[PDB]
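Here the structure comes first, spelled out in structure tokens, and everything after it is commentary.
There are 2 protein chains.
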Amino acid sequence: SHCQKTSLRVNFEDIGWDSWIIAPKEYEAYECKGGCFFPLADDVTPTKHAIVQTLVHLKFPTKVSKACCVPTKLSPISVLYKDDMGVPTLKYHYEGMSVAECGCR
Amino acid sequence: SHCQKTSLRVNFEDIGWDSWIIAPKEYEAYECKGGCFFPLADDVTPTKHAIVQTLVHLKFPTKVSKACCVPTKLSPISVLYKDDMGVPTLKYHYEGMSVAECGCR
Ligand SMILES: [Cl-]
Ligand SMILES: [Cl-]
Ligand SMILES: [Cl-]
Ligand SMILES: [Cl-]
Ligand SMILES: [Cl-]
Ligand SMILES: [Cl-]
Ligand SMILES: [Cl-]
Ligand SMILES: [Cl-]
Ligand SMILES: [Cl-]
Ligand SMILES: [Cl-]
Ligand code: NA
Ligand code: NA
Numbered sequence: 845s846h847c848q849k850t851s852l853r854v855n856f857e858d859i860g861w862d863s864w865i866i867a868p869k870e871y872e873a874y875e876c877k878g879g880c881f882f883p884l885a886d887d888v889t890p891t892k893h894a895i896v897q898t899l900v901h902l903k904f905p906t907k908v909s910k911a912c913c914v915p916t917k918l919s920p921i922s923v924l925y926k927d928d929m930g931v932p933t934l935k936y937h938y939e940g941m942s943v944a945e946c947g948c949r
Numbered sequence: 845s846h847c848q849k850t851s852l853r854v855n856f857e858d859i860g861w862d863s864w865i866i867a868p869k870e871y872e873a874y875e876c877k878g879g880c881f882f883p884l885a886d887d888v889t890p891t892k893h894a895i896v897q898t899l900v901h902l903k904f905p906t907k908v909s910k911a912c913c914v915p916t917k918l919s920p921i922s923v924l925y926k927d928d929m930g931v932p933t934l935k936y937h938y939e940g941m942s943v944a945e946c947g948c949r
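Below, the structure written as structure tokens:
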């Protein structure tokens, strides 16, 4: 239905990061999934440009794409990584790794 | 090619806003168009979650969508609008109406 946060468990080996991220093996990154269509749910905050673009898409669907459901706020995680020197070091707040909020943009 | 700002001229009559926005008739809203794929251009700032999701999409294309090219910063415009009382009033900075920057999210 509407744009919302859903589960996405990410494995660092599968994306080629295990050479440098020791632990954890996986983490919950989440993803934003769903449509950007009218009517909109009242528990989410849209931008005016996303509203305008969605309306323009309705009138000219071949020429203008619809707004996209994307992460609008991100949260950090902690990773145990391999530094340039190669020693296991803790990165306490590795920013931007997990979805906090979703929204149409 | 890559995610970038392109022209999108929006007509308020075409989107049903002319009942309340008197002037201007049209304005340059811009849109964000292009792909979110590796390698990425060095004149843009990606988020870690968008990078991770794009990598996961490559490994599992049917299960996880790619990051989306969206506006990451918006600019205001000035509109002459019809207030509840119905008198033409200037809104000097109507926020969020035009694309300032694009990015993969
Ligand atoms: Cl609505
Ligand atoms: Cl939204
Ligand atoms: Cl806005
Ligand atoms: Cl803490
Ligand atoms: Cl930290
Ligand atoms: Cl790259
Ligand atoms: Cl980007
Ligand atoms: Cl980030
Ligand atoms: Cl000014
Ligand atoms: Cl204002
Ligand atoms: Na069309
Ligand atoms: Na797949």
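Protein chains in written order, with my numbering: chain A, 845 to 949; chain B, 845 to 949. Ideal Cβ positions, reconstructed from N, Cα and C, are used throughout, including at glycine.
| Check | Outcome |
| --- | --- |
| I866 of chain A versus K917 of chain A: straight-line alpha-carbon distance, rounded | 26 Å |
| Classification of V931 of chain A by the beta-carbon crowding that lies within 10 angstroms, buried from 16 upward | exposed |
| At least three beta-carbon pairs within less than 8 Å, the stretch 896 to 913 of chain A to the stretch 868 to 881 of chain A | yes |
| Beta carbon of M929 of chain B nearer than 9 Å to that of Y871 of chain B | no |
| Buried or exposed by the 16-neighbour rule on C-beta atoms within 10 Å, applied to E939 of chain B | exposed |
| Test item: CB-CB of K907 of chain A and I859 of chain B under 9 Å | no |
| Nearest to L934 of chain A (by Cα), restricted to the options A:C946, A:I921 and A:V943 | A:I921 |
| 9 Å Cβ cutoff met for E875 of chain B and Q848 of chain A | no |
| Interface residues of chain B facing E875 of chain A [CB-CB closer than 9 Å] | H893, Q897, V900, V908 and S909 |
| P868 of chain A versus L852 of chain A - alpha carbon distance | 15 Å |
| Residue environment, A944 of chain A, which counts as buried when at least 16 other CB atoms sit within 10 Å | exposed |
| Contacts of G940 of chain B in chain A (Cβ-Cβ under 8 Å) | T891, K892 and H893 |
| Cβ-heavy atom distance, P905 of chain A to ligand 11, below 8 Å | yes |
| Whether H937 of chain B touches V888 of chain B by CB criterion (9 Å) | no |
| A894 of chain B vs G947 of chain B beta-carbon contact at 9 Å | yes |
| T898 of chain B, DSSP secondary structure in three states | helix |
| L884 of chain B beta carbon near ligand 6 (any heavy atom closer than 8 Å) | yes |
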